[PDB]
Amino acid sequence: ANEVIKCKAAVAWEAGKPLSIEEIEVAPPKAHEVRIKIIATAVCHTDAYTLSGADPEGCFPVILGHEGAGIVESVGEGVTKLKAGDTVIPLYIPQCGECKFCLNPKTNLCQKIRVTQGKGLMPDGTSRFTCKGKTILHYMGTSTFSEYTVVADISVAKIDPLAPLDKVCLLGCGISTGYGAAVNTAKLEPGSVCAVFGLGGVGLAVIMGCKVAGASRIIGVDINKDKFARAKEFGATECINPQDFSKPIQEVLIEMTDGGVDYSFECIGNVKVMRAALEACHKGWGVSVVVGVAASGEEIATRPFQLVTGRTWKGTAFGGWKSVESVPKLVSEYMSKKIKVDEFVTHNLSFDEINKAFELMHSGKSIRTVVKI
């Protein structure tokens, strides 16, 4: 039978402190739950933002991490589509396939377990993690910063058994989000002129998507010129630094493109840049997609004239991919060389030095750091 597992995990006891490598207990999977052995995980801005304690609904203690890949260790009662040994990727955006959202082709925002997940609990209202006599909360329904995690059975994508887990764990968030922003949300046409604000993993993934879509011109924008080289390798036709111009960035872009871009993507989470991205779009048909997540309370603004004269403001979550059915296909596209994943890995670390992954992010010297469990 499925026994409690004693393993290692990176616990965040409180905000503003480095993660603590602890020995924890992981309970067996209950009905419709899946226990996964995490093989590799990466760190994302979102993990750091929750860890900083600036996130309103961020609670502690908690096991963070939402970019991972592993193998099913055991399944709970009623689970038949998955079994021990299956190669998988945990999903923070699930796909029950039955709610009004899953049934609507225009969205991927399954709401089946959103409430419990937001509270760091499994669908039944409890947590499977414990450490030193204390209950530890789940995070984004994945909690990949542990040798073993338990997730709702609708939060699992079964992928190619041959996929390199130390690479595809990145499809758990960043790459998929940016790529999907281009092909699912924007659905840009061949020849499109694009502008991408923010050249981190998300922005690079957007560029990658724009290239797959056949974009003619792809202008990368970042205040950190060190990000330009890789952006060009991904397909950016040119890059510009807002700091190099006295005029607002939207004015610069409008001048460069004789009117503005056909599509702009904000991959930073800065409301001021979001406005610039919208205003940088061409009159009549320009479309701007918000991909970055802004701090709570902050709002975007512009003059309605911008919309009346043809521009559209959109946003995306996990690139609009219906998770369970898309992630496996994304893995296959990587396996077949249609999209890149390896090029996103700039650093590799062992589980014990996971905190170094956070240092690297604050330093601005990394795209994605893969942590080997």
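Each residue number is its position in the shown sequence, starting from 1.
Item checked: Average Cα temperature factor in the PDB entry - higher stretch of 109-117, 173-181 -> Comparing 173-181 with 109-117, the higher average CA B-factor belongs to 109-117.
Checklist line | Segment of higher mean CA temperature factor, 183-191 or 295-303 | finding: Averaged over C-alpha atoms, the B-factors run higher in 295-303.
Item checked: Most elevated Cα B-factor in the entry, residues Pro61, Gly315, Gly319, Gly70 -> Going by the entry's C-alpha B-factors, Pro61 comes out highest.
Check: Per the entry, which of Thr87, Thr130, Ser288, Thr144 tops the list for Cα B factor?
Finding: So the option with the highest C-alpha B-factor is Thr130.
Check: Hey, what third does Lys340 fall into on Cα B-factor, ranked over its chain?
Finding: Middle third by C-alpha B-factor.
Note to self: Ranking every modelled residue in this chain by its Cα temperature factor as given in the entry, which third contains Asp166?
What the structure shows: Answer is middle: the recorded C-alpha B-factor places it there.
Checklist line | Entry-reported Cα temperature factor of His347, expressed as the chain third it lands in | finding: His347: CA B-factor falls in the highest third of its chain.
Notebook entry, point to check: So where's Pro248 on the chain's Cα temperature factor ranking, which third?
Noted result: Answer is highest: the recorded C-alpha B-factor places it there.
Item checked: Where the record places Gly259 (Cα B-factor, split into thirds across the chain) -> Tercile = middle for this residue's CA B-factor.
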